């Protein structure tokens, strides 16, 4: 099991070059959280005309015809149980995606949450600590393709 995969997740950097978030190729578009003010570390992608979507904290551009194959697949069906992301397991219960407290922070915006078949279930934007866990503010799309934004009380943008 060599983890050999396409180029789908890219870094967004600040003025001095600190990675402050992430941008992803998914369903024919490059998208990154709007609140992440930096540049996409990619020679081709960082020259595209991005379209803003303030209501959803999203910013997207059309993937070059070529790259369109190197992308993630979205899925609007997320049963309760466990999911996976960069740091480990993400739990989905009670309409909310949570991770352990003290795990997420700056740099985690734009990271996808995914199921075992490898489909993206949601995109992280920030988190609101509640007890021994953190409730994530994510962007998801419903079966009819409608973008939805769930933001817990006290959410801090990552």
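Positions refer to the first chain, counted from 1.
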Original post:
Between 56-64 and 106-114, which has the larger average Cα B-factor in the PDB entry?
Top reply: 56-64
Subject >> 97-105 set against 35-43, stretch whose average Cα temperature factor tops the other in the entry >> reply: 35-43
Original post:
Relative to the other modelled residues in the chain, which third contains the C-alpha temperature factor of residue 25: lowest, middle or highest?
Top reply: lowest
Subject >> Within-chain third of residue 136 by Cα B-factor, per the entry >> reply: lowest
Subject >> Ranked C-alpha temperature factor of residue 9 among modelled chain residues, by third >> reply: lowest
